[PDB]
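Enquirer: Okay, handing you the structure first.
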Protein chains: 2
Amino acid sequence: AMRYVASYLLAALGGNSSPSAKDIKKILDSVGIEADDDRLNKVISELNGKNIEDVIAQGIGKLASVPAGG
Amino acid sequence: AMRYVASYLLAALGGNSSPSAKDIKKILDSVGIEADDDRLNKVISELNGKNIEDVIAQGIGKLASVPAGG
C-alpha cells in the first residue's frame with residue numbers, strides 16, 4: 001500500500017499536513033499513478049492513526065527496493 | 001530526510017524504479033517542495049542501498065505524524 005504514501009508524504013511536506021485524497025490523486029497524476037478513493041483514504045487513515053514510518057515500513061515491504069548488488 | 005522520499009517513491013511507482021534526482025525535483029515542484037542535488041541523491045542512495053521502509057522509518061521519525069487525539 002505504498003502507492004499513495006508517496007503523494008501523501010509530498011502533500012504533507014508541501015504545507016498540507018492533512019492532505020486530501022484528491023490532492024494525492026493529482027500528485028500521482030504528476031508521475032502517472034492510479035488512485036482509488038476508498039483504498040487511498042484508508043492508506044491515508046493508516047498513516048494518520050499510526051506513524052508514517054510505521055505504516056510505511058509495514059505496508060511497503062520488498063516492493064520498495066530489490067537487492068541491486070546483493 | 002523525508003522530503004525527497006515522497007517524490008522518490010512516487011517516481012518509482014510511476015514506472016521509474018531508478019529515479020533521477022531531477023525527476024524528484026519536478027515531483028516536489030508539483031506540491032511545492034525544495035530540492036537540493038547532493039542531499040537528494042544521498043537520500044536516494046540511502047533508499048537504494050537499504051530498503052525504502054527501513055530508510056523511511058529511520059529518516060522520517062516524528063516529523064511524520066503528530067498524535068492527533070492521543
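Going through the C-alpha cells in order, the chains are called A, B, and so on, while each chain numbers its residues from 1 and the ligands are numbered from 1 in the order shown.
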Excluding residue 52 of chain A and its own-chain neighbours fewer than 4 positions away, which residues fall within 10 Å of it when counting only C-alpha atoms? Please give them as a ChimeraX atom specification.

Expert: /A:5,8-9,44,46-48,56-58 /B:53,56-57,60-66

Enquirer: As a tab-separated table (two decimals) with C-alpha atoms, in the first residue's frame, please: chain A after a least-squares superposition onto chain B using all C-alpha atoms matched in order.

Expert:
```
chain	number	residue	atom	x	y	z
A	1	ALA	CA	15.25	13.31	5.39
A	2	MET	CA	11.70	12.55	4.24
A	3	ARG	CA	11.46	15.49	1.84
A	4	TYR	CA	12.69	13.58	-1.22
A	5	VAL	CA	11.45	10.14	-0.21
A	6	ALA	CA	7.93	11.20	-1.07
A	7	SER	CA	8.77	12.12	-4.65
A	8	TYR	CA	11.35	9.33	-4.85
A	9	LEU	CA	8.60	6.85	-4.04
A	10	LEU	CA	6.14	8.45	-6.49
A	11	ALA	CA	8.68	8.32	-9.30
A	12	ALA	CA	9.42	4.67	-8.51
A	13	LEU	CA	5.72	3.79	-8.61
A	14	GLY	CA	5.29	5.72	-11.84
A	15	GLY	CA	7.44	3.18	-13.64
A	16	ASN	CA	10.81	4.73	-12.91
A	17	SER	CA	12.23	2.34	-10.31
A	18	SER	CA	15.61	4.04	-10.60
A	19	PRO	CA	14.50	7.70	-10.34
A	20	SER	CA	16.69	10.66	-11.20
A	21	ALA	CA	17.03	13.44	-8.64
A	22	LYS	CA	15.81	15.88	-11.29
A	23	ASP	CA	12.56	13.97	-11.55
A	24	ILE	CA	12.37	14.19	-7.76
A	25	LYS	CA	12.68	17.96	-8.02
A	26	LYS	CA	9.84	18.09	-10.55
A	27	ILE	CA	7.55	15.98	-8.37
A	28	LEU	CA	8.43	18.22	-5.43
A	29	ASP	CA	7.64	21.16	-7.73
A	30	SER	CA	4.15	19.69	-8.12
A	31	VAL	CA	3.42	20.12	-4.40
A	32	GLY	CA	5.85	22.99	-3.86
A	33	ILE	CA	8.84	21.41	-2.12
A	34	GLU	CA	12.52	22.37	-2.16
A	35	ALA	CA	15.20	20.04	-3.51
A	36	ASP	CA	18.98	20.03	-3.35
A	37	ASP	CA	21.02	17.71	-5.58
A	38	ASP	CA	23.63	16.34	-3.20
A	39	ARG	CA	21.37	15.75	-0.19
A	40	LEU	CA	18.69	14.45	-2.54
A	41	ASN	CA	20.93	11.89	-4.23
A	42	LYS	CA	22.16	10.96	-0.75
A	43	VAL	CA	18.63	10.24	0.46
A	44	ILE	CA	18.00	8.40	-2.80
A	45	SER	CA	21.23	6.48	-2.34
A	46	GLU	CA	20.17	5.61	1.22
A	47	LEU	CA	16.91	4.17	-0.11
A	48	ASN	CA	18.84	2.41	-2.87
A	49	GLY	CA	21.40	0.79	-0.57
A	50	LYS	CA	18.80	-0.06	2.04
A	51	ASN	CA	15.11	-0.86	1.99
A	52	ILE	CA	12.73	2.05	1.44
A	53	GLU	CA	10.76	1.18	4.57
A	54	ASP	CA	13.98	0.98	6.56
A	55	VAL	CA	15.33	4.32	5.34
A	56	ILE	CA	11.87	5.82	5.82
A	57	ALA	CA	11.33	4.52	9.31
A	58	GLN	CA	14.81	5.75	10.19
A	59	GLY	CA	14.92	9.11	8.42
A	60	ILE	CA	11.36	10.31	9.00
A	61	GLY	CA	10.64	9.98	12.70
A	62	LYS	CA	8.02	12.07	14.49
A	63	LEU	CA	8.26	14.54	11.63
A	64	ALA	CA	5.66	12.26	10.06
A	65	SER	CA	2.55	12.43	12.22
A	66	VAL	CA	1.78	14.18	15.49
A	67	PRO	CA	-0.56	12.39	17.96
A	68	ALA	CA	-3.90	13.83	16.87
A	69	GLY	CA	-6.24	12.53	19.53
A	70	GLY	CA	-3.64	10.76	21.59
```

Enquirer: Return as a PyMOL selection string the full set of residues in chain A whose backbone-based DSSP assignment is helix (DSSP H, G or I).

Expert: chain A and resi 3-13+21-31+38-49+52-59+61-63
